[PDB]
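Note sheet for the following structure.
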Amino acid sequence: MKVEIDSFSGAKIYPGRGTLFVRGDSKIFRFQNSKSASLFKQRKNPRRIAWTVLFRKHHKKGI
Amino acid sequence: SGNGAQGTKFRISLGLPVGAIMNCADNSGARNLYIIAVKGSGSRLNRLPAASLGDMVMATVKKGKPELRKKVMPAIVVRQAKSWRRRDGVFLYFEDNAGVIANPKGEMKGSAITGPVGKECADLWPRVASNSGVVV
Amino acid sequence: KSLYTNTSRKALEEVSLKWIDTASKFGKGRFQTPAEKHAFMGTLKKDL
Amino acid sequence: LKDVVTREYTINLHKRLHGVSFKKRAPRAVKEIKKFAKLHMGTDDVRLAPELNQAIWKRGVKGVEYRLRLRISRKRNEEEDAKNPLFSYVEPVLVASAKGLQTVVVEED
Amino acid sequence: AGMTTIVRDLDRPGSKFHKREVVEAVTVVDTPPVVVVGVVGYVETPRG
Amino acid sequence: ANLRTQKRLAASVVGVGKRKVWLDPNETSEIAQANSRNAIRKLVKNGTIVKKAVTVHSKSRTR
RNA sequence: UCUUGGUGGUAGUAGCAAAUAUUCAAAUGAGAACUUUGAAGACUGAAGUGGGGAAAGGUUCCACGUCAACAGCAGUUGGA
RNA sequence: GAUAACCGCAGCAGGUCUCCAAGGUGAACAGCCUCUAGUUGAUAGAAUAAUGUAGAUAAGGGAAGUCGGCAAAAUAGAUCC
RNA sequence: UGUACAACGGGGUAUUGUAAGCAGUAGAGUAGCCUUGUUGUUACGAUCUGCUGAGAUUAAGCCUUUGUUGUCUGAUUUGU
Ligand SMILES: [Mg+2]
Ligand SMILES: [Mg+2]
Ligand SMILES: [Mg+2]
Ligand SMILES: [Mg+2]
Ligand SMILES: [Mg+2]
Ligand SMILES: [Mg+2]
Ligand SMILES: [Mg+2]
Ligand SMILES: [Mg+2]
Ligand SMILES: [Mg+2]
Ligand SMILES: [Mg+2]
Ligand SMILES: [Mg+2]
Ligand SMILES: [Mg+2]
Ligand SMILES: [Mg+2]
Ligand SMILES: [Mg+2]
Ligand SMILES: [Mg+2]
Ligand SMILES: [Mg+2]
Ligand SMILES: [Mg+2]
Ligand SMILES: [Mg+2]
Ligand SMILES: [Mg+2]
Ligand SMILES: [Mg+2]
Ligand SMILES: [Mg+2]
Ligand SMILES: [Mg+2]
Ligand SMILES: [Mg+2]
Ligand SMILES: [Mg+2]
Ligand SMILES: [Mg+2]
């Protein structure tokens, strides 16, 4: 019972949820859902997706 | 599977049927592995035998060193790219399929594995664990 | 009740749970409790 | 109780037109206003104003609004009245939004 | 009522997941108490 | 009644199509005796039949 | 597997599903899903579902009256 | 002068010679949308079982299917190399 | 004639991804006014920023409801 963090969106991953990705350089990615997952494969920067955790630190929202 | 494997495996989703060409992840000279058959396969009418991570297959080489080509050799799948479920609920997958050339007992032909190895594969096959670096 | 006594080691295994999922099954829910949703998201525009 | 009555209603046509064929969303929306007036005003004869038919069909056959705002008025059927002595006339109500509005009783004064 | 998922330790010696955690679907059955409102007696006959 | 012959007559009188002839619905009684073309012209004089102006094809976005 | 005519079961069955699509009100009427008018939605989209013609047809054109049959539903409408 | 006036048993998705030809997109008399004009005709209503017909999408594999890659997918314009 | 049911409304939950409007000394710049700034001005300007994880949708087979407005005796048949 460790809660993982989404590699794209910064959401909290509870057990069973989402997919884990192993990129070919063996860097482990973790998605909470298929919305994090598909926008990862689509080559989207999390800094430009307005609801992600990394956007809100970049835009100083909710400090 | 069959003989050579140290331990048993939980059932992993079968990603790789016969005719699947997977990359070859060791330094034997083979560039890919074309699966002709899967060890331990159940006999069902019309069902292609389908390999999975940690399984031992029989394979040929379609690209690579000429002395490795035109022969049937055992191989062991180390990466899968079809999302399978672990017993702790983790669904995971690789970007590619990969396998290493083995003998019938499970000794490596190669000496080094380029990339990650599924932990189910490393636990089932001690020699693959010996030459693997990062394991998932 | 079971119609036979079962001593099969999958029975007789004393089970203690560690966590129970209470996220919304109405979507791909992300929070176990509304306190956790209010803590992650902070304050919203919604009235007081 | 009172027979001649006028109330204003909101109808959620979104949940009534859910999954309907696209060539029949606005035809069915007409038939759901008549079902909605027969449920509320109780009368089987429902006459919809031609301005309401303009409101249903404003955005084409498949572009019915999620919420209409209707002024249904139960009235006295005249001139050799039908099986029922009452009918309901259904009016559009000119609102910028049909959201967030309840059922009110419009008085004739 | 519906299903949800849990996490528990596995107590299965000789399994590969012994003392490790597993993620299991459970079904939840909403069970209020039942009111006893009668009795019925059955006799053994040659027809049943 | 049957004003089908009063719309074809009125289209040929005002010189537009039958898609652009507005017969007065509230004067359906007196339109129905306008069987002749002069009677149709008389109903164009007093606005009982209206020319129904053209549907706009604006060129503003094209420009 | 006669000839001519008549009649059944199948059977109120199969079916009446190409060509985006109809809807509201009023009028007429015994009777309106289908007629007429208005309103609305749409389409052919100028190598047109638009205006004319050749061959062929022959009155089908137009008006009034009419609805038994015909328009494989209907019909107050119609090339009837 | 034809998805009802012709021929095809008939008000048959068939066939039958020709003139005129608006705006945009675009290379275009293409496809798509609109103006003038025209039509809104084709039995309807309700429901959304199976099997169909027509259109789609599909994880991982990628012709192992099959007599045979049949069907589908993939490619697609233009500029430069 | 109810700890009733319905239609709306409220809350939750969820999906998407930050609405419209207003504002800005943000904006590649360009064209004018110059009583020429140097965080001038007028016009035009993809985009960006703030209000704003906003706005929209949310049962049609989601959940919940002290709200609002209604509804609650039509028909047929059955006997040892
Ligand atoms: Mg669910
Ligand atoms: Mg549907
Ligand atoms: Mg005979
Ligand atoms: Mg017969
Ligand atoms: Mg039938
Ligand atoms: Mg049918
Ligand atoms: Mg078209
Ligand atoms: Mg069009
Ligand atoms: Mg006549
Ligand atoms: Mg008939
Ligand atoms: Mg008849
Ligand atoms: Mg005629
Ligand atoms: Mg002949
Ligand atoms: Mg016919
Ligand atoms: Mg053009
Ligand atoms: Mg051009
Ligand atoms: Mg059709
Ligand atoms: Mg596939
Ligand atoms: Mg794929
Ligand atoms: Mg073959
Ligand atoms: Mg075969
Ligand atoms: Mg082909
Ligand atoms: Mg070129
Ligand atoms: Mg924003
Ligand atoms: Mg804005």
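Residue numbers (the authors' numbering), protein chains in the order written: chain E, 1 to 63; chain L, 2 to 137; chain D, 340 to 387; chain H, 4 to 112; chain W, 51 to 98; chain R, 2 to 64.
Note that the Cβ used here is the ideal one computed from N, Cα and C, for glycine as well.
Buried or exposed for residue i, going by 16 or more other Cβ atoms inside 10 Å?
{"i": "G134 of chain L", "result": "exposed"}
{"i": "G48 of chain R", "result": "exposed"}
{"i": "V55 of chain R", "result": "exposed"}
{"i": "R80 of chain L", "result": "buried"}
{"i": "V85 of chain W", "result": "exposed"}
{"i": "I63 of chain E", "result": "exposed"}
{"i": "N4 of chain L", "result": "exposed"}
{"i": "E71 of chain W", "result": "buried"}
{"i": "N3 of chain R", "result": "exposed"}
{"i": "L387 of chain D", "result": "exposed"}
{"i": "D25 of chain E", "result": "exposed"}
{"i": "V73 of chain L", "result": "exposed"}
{"i": "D6 of chain H", "result": "exposed"}
{"i": "residue 1 of chain R", "result": "As shown, chain R starts at 2 and ends at 64. That puts residue 1 of chain R outside it, with no answer to give."}
{"i": "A103 of chain L", "result": "buried"}
{"i": "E121 of chain L", "result": "buried"}
{"i": "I359 of chain D", "result": "exposed"}
{"i": "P88 of chain H", "result": "exposed"}
Please report the residue range of the alpha helix (DSSP H) in which residue i lies.
{"i": "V78 of chain L", "result": "Not the alpha helix (DSSP H): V78 of chain L falls in the beta strand (DSSP E), residues 74-80."}
{"i": "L54 of chain E", "result": "53-58"}
{"i": "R31 of chain H", "result": "28-43"}
{"i": "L39 of chain E", "result": "34-41"}
{"i": "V96 of chain H", "result": "Taken as a continuous stretch (DSSP letters only), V96 of chain H belongs to no alpha helix (DSSP H), as it is neither H nor E."}
{"i": "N132 of chain L", "result": "127-132"}
{"i": "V135 of chain L", "result": "Per DSSP, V135 of chain L belongs to no alpha helix (DSSP H) and is neither H nor E."}
{"i": "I59 of chain H", "result": "53-59"}
{"i": "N39 of chain R", "result": "38-46"}
{"i": "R19 of chain H", "result": "16-19"}
{"i": "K376 of chain D", "result": "373-380"}
How would you write the range of the beta strand (DSSP E) that residue i sits in, first residue to last?
{"i": "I22 of chain L", "result": "22-25"}
{"i": "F29 of chain E", "result": "28-30"}
{"i": "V7 of chain H", "result": "Looking at the DSSP string, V7 of chain H is not in any beta strand (DSSP E), and its letter there is neither H nor E."}
{"i": "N27 of chain R", "result": "Here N27 of chain R belongs to no beta strand (DSSP E), and DSSP marks it neither H nor E."}
{"i": "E74 of chain W", "result": "71-78"}
{"i": "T6 of chain R", "result": "It is not in any beta strand (DSSP E) - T6 of chain R instead sits in the alpha helix (DSSP H) that spans 5-15."}
{"i": "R23 of chain E", "result": "Note, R23 of chain E: premise wrong, no beta strand (DSSP E); not H, not E."}
{"i": "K357 of chain D", "result": "356-359"}
{"i": "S76 of chain H", "result": "70-79"}
{"i": "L34 of chain L", "result": "33-39"}
{"i": "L351 of chain D", "result": "Taken as a continuous stretch (DSSP letters only), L351 of chain D belongs to no beta strand (DSSP E), as it is neither H nor E."}
{"i": "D89 of chain L", "result": "Taken as a continuous stretch (DSSP letters only), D89 of chain L belongs to no beta strand (DSSP E), as it is neither H nor E."}
{"i": "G100 of chain L", "result": "99-102"}
{"i": "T61 of chain L", "result": "57-61"}
{"i": "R58 of chain W", "result": "52-59"}
Our contact map puts residue i next to residue j with C-beta atoms below 8 Å; I'd like the distance itself, whole angstroms only.
{"i": "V19 of chain L", "j": "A6 of chain L", "result": "Not really, about 20 Å apart at Cβ, beyond 8 Å."}
{"i": "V93 of chain H", "j": "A40 of chain H", "result": "6 Å"}
{"i": "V96 of chain H", "j": "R72 of chain H", "result": "4 Å"}
{"i": "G55 of chain L", "j": "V91 of chain L", "result": "Not a contact, Cβ separation roughly 16 Å."}
{"i": "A60 of chain L", "j": "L34 of chain L", "result": "4 Å"}
{"i": "residue 179 of chain L", "j": "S112 of chain L", "result": "As displayed, chain L neither begins before 2 nor continues past 137, which places residue 179 of chain L out of reach and without an answer."}
{"i": "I13 of chain L", "j": "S53 of chain L", "result": "4 Å"}
{"i": "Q32 of chain E", "j": "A11 of chain E", "result": "4 Å"}
Could you please tell me which residues of the region 341-362 of chain D, in chain order, have their CB closer than 9 Å to any CB of chain W?
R348, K349, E352, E353, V354, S355, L356, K357, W358, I359, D360, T361, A362
Of all the residues that make up the region 66-95 of chain W, which are near chain L by a beta-carbon distance shorter than 9 Å?
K66, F67, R70, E71, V72, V73, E74
Can you list, in chain order, the residues of the region 93-127 of chain L whose Cβ is nearer than 7 Å to any Cβ on chain W?
Listed by position, the residues of the region 93-127 of chain L near chain W (Cβ gap below 7 Å) amount to none.
Which residues, in order along the region 14-26 of chain E, keep a beta-carbon less than 9 Å from a beta-carbon of chain L?
Those residues of the region 14-26 of chain E that come within reach of chain L (Cβ to Cβ, closer than 9 Å) are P15, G16, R17, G18, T19, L20, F21, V22, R23, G24, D25, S26.
Using a beta-carbon distance cut-off of less than 8 Å, what residues from the region 7-25 of chain L approach chain W?
Near chain W, meaning a CB-to-CB distance below 8 Å, the residues of the region 7-25 of chain L are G8, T9, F11.
Can you list, in chain order, the residues of the region 27-57 of chain E whose Cβ is nearer than 8 Å to any Cβ on chain D?
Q32, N33, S34, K35
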